[PDB]
Every structure is written in C-alpha cells, then in structure tokens.
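Take a look at the structure set out below.
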Amino acid sequence: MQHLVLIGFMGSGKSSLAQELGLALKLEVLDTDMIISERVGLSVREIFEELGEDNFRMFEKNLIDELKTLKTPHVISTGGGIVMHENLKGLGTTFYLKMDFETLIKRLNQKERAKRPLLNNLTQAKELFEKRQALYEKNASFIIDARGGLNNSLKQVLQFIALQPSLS
Ligand SMILES: Nc1ccc2c(O)c(/N=N/c3ccc4c(O)cc(S(=O)(=O)O)cc4c3)c(S(=O)(=O)O)cc2c1
Numbered sequence: 001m002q003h004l005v006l007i008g009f010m011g012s013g014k015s016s017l018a019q020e021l022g023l024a025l026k027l028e029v030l031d032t033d034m035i036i037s038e039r040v041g042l043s044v045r046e047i048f049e050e051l052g053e054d055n056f057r058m059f060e061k062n063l064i065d066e067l068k069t070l071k072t073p074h075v076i077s078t079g080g081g082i083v084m085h086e087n088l089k090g091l092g093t094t095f096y097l098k099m100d101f102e103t104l105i106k107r108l109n110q111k112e113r114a115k116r117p118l119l120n121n122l123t124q125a126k127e128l129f130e131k132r133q134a135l136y137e138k139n140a141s142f143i144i145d146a147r148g149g150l151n152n153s154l155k156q157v158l159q160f161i162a163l164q165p166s167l168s
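Each residue of the sequence shown is one higher than the one before, starting from 1 at the first, in the numbering used here.
Next up, the structure:
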C-alpha cells in the first residue's frame, strides 16, 4: 500500500495524469503498459496478436508482484484490464479516473475497434462499460472525475493527498 495507482479505461488519460502527478509530488512515474512493451520489444497490440491475451495478462500479473518490491512510492499508470488481477490488492492506493461512456467511445479509433467486436454494437458496448466500471469502482479507494480535464483531475488527486498524507 505504498504507491498511487491510477486505474480506468483506455483513453481516460491515466498516463498523462500520472506524469503531472509525478512532477507535483516529486515522485517517480511508471506505466505498466510501457514496462511490458519495452521488455518484449513489441507494442501492446503486437503482444496480443503475437503472444495472446493470456500471455500479456501473465506478464501483467507478474509485473504487479515486482512493483510491490519497489522501496520508494511511485505514481503508476496502468492498462485498462489490470483490475482483473487479485494480485493488484496491496500495490497501492488506486484512483479510478472516471470518464463517461460517450466520450470514451468517441476517443477510440479504427485500429482499436477493428479487433474488438464488443465495441461496435451499442448494447454490448454499454453492457461491457457497466460491468467493468463496477469493477473499477469496487477496486478503487478514490474516484476521480476525469471529465473536466487533466488539471481538474490533478486538483482532486491532490485534495485527497492533502487530507491524508499517509498516502505519500
Ligand atoms: N474490468 C475490466 C476487465 C477487463 C478489461 C479488459 O480486458 C480491457 N481490455 N481488454 C482487451 C482485450 C483484448 C484486446 C485485444 O485483443 C486487442 C487490443 S488493441 O489492439 O487495442 O491493443 C486491446 C484489447 C483489450 C479493458 S480496456 O479497454 O483496455 O479498458 C478494460 C477491462 C476492465
């Protein structure tokens, strides 16, 4: 329970907020997708295609284990699915970057939707969104409204840390 872990959907801007936060609080910033992708020598798309989702999820689960040994606190941005690992419990204080369905759908591109059929019909897209939101909300210490831009998300994270310094 040492780090500030940002969770949420693709496109909620976790990374960007993570970096800002690193600067703000004088802390190192890590990114789970970047770690795994720089290791394997492939992008994340390329991993799922070349290696399979199961294999990525194993890298991911393993990587959580590693990060729980870091000594100093860091700000960690995480991939969308990371919240599926029981393992993630104990890594740190999770903040959900809450973004709305409409804007998250608009933020996806063609390559993203090309390979995931659930994103292409309304009904399933919403159903997916609802069940995974509930999973981010379950697993979150703080919910952050990301709809107001990065600065406003940053102001909320800092509010909470101002109030409970045991966090950082
Ligand atoms: N509570 C949960 C549980 C599972 C999630 C989850 O599995 C996610 N992403 N999943 C996939 C699965 C297959 C993919 C696939 O086969 C290709 C690509 S890609 O070409 O765009 O890189 C991305 C893929 C993302 C995302 S979330 O959408 O990442 O938020 C969020 C999730 C949130």
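Using N, Cα and C, we set each Cβ at its ideal position, and we do this for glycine too.
Might you give, ordered along the chain, the residues of its own chain that have their beta carbon closer than 6 Å to the beta carbon of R57, omitting 5 neighbours on each side? none
Item to check | Sufficient close CB pairs (3 or more, under 8 Å) joining the segment 87-96 to the segment 60-76 | outcome: Touching, yes.
_Let's test the definition: count the other Cβ atoms within 10 Å of the Cβ of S12 and tell me whether it reaches 16, buried, or not, exposed._
buried
Checklist entry - If you follow the beta strand (DSSP E) that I143 is part of, which residue opens it and which one closes it? => result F142 to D145
**Asked** Helix, strand or coil: how does DSSP classify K126 here?
**Response** Reduced to three states, the DSSP call for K126 is helix.
### Task
From the DSSP output, in three-state form, read off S16 for me.
helix
Less than 8 Å between C-beta atoms, sequence neighbours within five positions excluded: which residues of the same chain meet that for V29?
Counting only Cβ-Cβ distances below 8 Å, and skipping sequence neighbours, we find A18, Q19, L21, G22, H74, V75, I76 and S77.
| field | Sub-7 Å separation of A140 and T94 beta-carbons | value | yes
*asked:* Rounding to the nearest angstrom, what Cα-Cα distance links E137 and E50 in this structure?
replied: In this model, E137 and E50 are separated by some 32 Å (Cα to Cα).
Could you give the distance in angstroms between the alpha-carbon of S166 and the alpha-carbon of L25? Each residue's alpha carbon lies about 13 Å from the other.
Q: Tell me where the beta strand (DSSP E) around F9 begins and ends.
A: Note, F9: premise wrong, no beta strand (DSSP E); not H, not E.
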